[PDB]
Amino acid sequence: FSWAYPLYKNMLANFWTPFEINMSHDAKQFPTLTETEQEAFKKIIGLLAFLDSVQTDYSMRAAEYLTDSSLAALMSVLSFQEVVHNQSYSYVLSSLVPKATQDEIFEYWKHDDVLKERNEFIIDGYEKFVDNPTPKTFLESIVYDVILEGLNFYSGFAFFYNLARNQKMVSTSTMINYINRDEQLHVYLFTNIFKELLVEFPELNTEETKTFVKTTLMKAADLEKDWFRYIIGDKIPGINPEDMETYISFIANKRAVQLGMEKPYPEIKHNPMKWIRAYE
């Protein structure tokens, strides 16, 4: 894996800390956002904190499962980055909302049936690996990983960048940008591992696996679109639901391609939110 050392160097080079981002202006602007904007912000941060807490743990377990030293070392850097990402959401909420509200956001995952539905799709994917680690259950879990990091986070980044392009919550947008830079390399690592498992275990490189990837991406994408309809719908200018749904499909295709697999939505060939490229 000639790419492992340059990746290691790049990940180290991207070090950042949330304590270096001043949240004062954002703190003052937050109560001036619309009701939908403030509620979607809190819900999405609640989602991301759930996802990165679980990802911290999954990646740490993955690192011990990996038999190659360089891939295990890279998985350790990734787990550490997830610790910081997750902590950054506590940092953000401690600056922007009351403590009682922070407590409530960190209990949303237990009490909202929509958030619970989507979360349990991820957990089921990870638990099958954690409870019975094999190259197949590991390979399958990586599809879930690529969904969590490459689809769910990316869908969420759009919300923050849309506020930023409207001069709202710009420090938060800056932190998201740092998380997004790390995320790109996380997806690169996981997609690389998936492709190597198919070389090492050719019995997993079948049509069945292509169908698995499509079906798993499609459900993940359906749940993302539903969530978006539920928390934002057509109430926020700059992120309409038709375009967000097309974006979600486009990103699902991109990830399928990065896994060396076939796209679930081949008709969707063009990025409907190219303005996001200016924030990355």
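Residue numbers here begin at 1 and follow the sequence given.
Here the stretch with the larger average CA B-factor, out of 111 to 119 and 90 to 98, is 111 to 119. Once the C-alpha B-factors are averaged per stretch, 237 to 245 and 58 to 66 rank with 237 to 245 first. Across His85, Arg165, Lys210, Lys136, the greatest Cα temperature factor reported in the deposited entry is at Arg165. Residue-level temperature factors show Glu39 in the lowest third of its chain, judged at the C-alpha atom. Among the modelled residues of the chain, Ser141 sits in the lowest third by CA temperature factor in this PDB entry. Among the modelled residues of the chain, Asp52 sits in the lowest third by CA temperature factor in this PDB entry. Ranked by C-alpha B-factor against the other modelled residues of its chain, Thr174 falls in the middle third. When all modelled residues of the chain are sorted by CA temperature factor, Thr191 is found within the middle third.
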